[PDB]
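Contents: one structure, followed by commentary.
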Amino acid sequence: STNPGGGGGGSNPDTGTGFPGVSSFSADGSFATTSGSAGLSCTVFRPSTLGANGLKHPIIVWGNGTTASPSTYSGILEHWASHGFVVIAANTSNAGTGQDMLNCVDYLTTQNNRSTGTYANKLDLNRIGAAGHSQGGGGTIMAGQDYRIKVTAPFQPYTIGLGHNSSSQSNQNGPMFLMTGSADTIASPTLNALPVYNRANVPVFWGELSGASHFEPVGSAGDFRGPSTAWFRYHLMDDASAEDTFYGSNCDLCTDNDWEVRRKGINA
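First residue of the sequence shown? That's 1248 in my numbering, and the numbers climb one at a time after it.
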């Protein structure tokens, strides 16, 4: 949380990659947003103007929970877009293999590399993260093996079925912000998340939110919204103010009794 600008009604300085600073990770940011279909089988939520002020936009690829669509998560996806991310959701309700998510990344790469178009030279292909809920959180871990996925944020992942291959957990490309809810009886954290924490080959920040059901991530994603935004702003925008959300002995979530935190490979 620590920011030299002091937040609030002040004006926090730009991030390391040049994106506007924000006074809150849970409130929407300064970019007006739009959404629409992308490549037939994806849906994008993005700033309505891309590439202003010399910026190249980081990307979050999203996988839905079982039975769900991108609209089920429109609040959280629009929220990230309002901070400056280009957010691409696989449309599928069956995101567990990770392949649809990676196809959405391939699609945006093509568009970035065109001479003209919505995305032409406007994306930062070195700053891609993955996130998703439920089976889509398992799919985030599956997709997170790919060398282009810099960090992941699985929201209540389901890893005991629905396309998951648990060996993916030990083949991640980058660090993981693993989120669970203590009231989640559908993707039991003991069965679905504890094994990921144990076997992951990367640093893991595992936060379990007290009193969160399996439906906390739907819509605007509740009390996961701010933390997930901090994670992606830190790693994909070099927002230094998000560092002490996760790192150090006195990190924000570490001293917040609403969270049970288990870390590995994270400076503490």
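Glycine included, C-beta positions come from ideal geometry on N, C-alpha and C.
(message) According to DSSP, is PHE1332 part of a helix, a strand, or is it coil?
(response) Working through the sequence shown from its first residue, we reach residue 1332 at position 85. Here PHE1332 sits in coil by DSSP.
(request) Less than 8 Å between the CB atoms is what I'm expecting for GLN1403 and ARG1446, so what's the real figure, rounded? (result) What you label residue 1403 is simply residue 156 of the sequence shown in a count that begins at 1. What you label residue 1446 is simply residue 199 of the sequence shown in a count that begins at 1. Incorrect: roughly 18 Å between the Cβ atoms, too far for contact.
(message) Distance check for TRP1478 and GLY1495, CA to CA, integer angstroms please.
(response) Along the sequence shown, one-based indexing puts residue 1495 at 248. Along the sequence shown, one-based indexing puts residue 1478 at 231. About 14 Å.
(message) With three or more beta-carbon pairs closer than 8 Å as the criterion, would you say the region 1254–1269 touches the region 1279–1296?
(response) no
(request) Have a look at the DSSP bridge pairing and note the partners of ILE1307. (result) Walking along the sequence shown from the start, residue 1307 turns up at place 60. Note: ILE1307 sits in a beta bridge opposite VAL1334, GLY1376.
(message) Measuring CB atoms only, is the region 1339–1348 touching the region 1298–1307, in the sense that at least three cross pairs come out at less than 8 Å?
(response) no
(request) Please report the Cβ distance between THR1492 and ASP1485, rounded to the nearest whole angstrom; I am assuming they are in contact, meaning their Cβ atoms lie under 8 Å. (result) The sequence position of residue 1492 within the sequence shown is 245, counting from 1. The sequence position of residue 1485 within the sequence shown is 238, counting from 1. The Cβ separation is near 14 Å, so there is no contact.
(message) Nearest by alpha-carbon distance to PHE1292: which of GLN1358, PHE1332, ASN1259, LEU1441 is it?
(response) Position 45 of the sequence shown, counting from 1, holds the residue named residue 1292. Of the listed residues, the one whose Cα sits closest to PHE1292 is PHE1332.
(message) Does the structure place the region 1462–1480 close enough to the region 1396–1415 that three or more beta carbon pairs sit under 8 Å?
(response) yes
(request) Please decide whether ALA1487 counts as near chain B, where near means a Cβ-Cβ distance under 8 Å. (result) Here chain B cannot be found, since the structure has a single protein chain.
(message) Which same chain residues end up closer than 8 Å to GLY1253 when comparing Cβ atoms and leaving out the 5 residues on each side of it in sequence?
(response) Start at 1 with the first residue of the sequence shown, and residue 1253 comes out as number 6. Counting only Cβ-Cβ distances below 8 Å, and skipping sequence neighbours, we find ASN1259.
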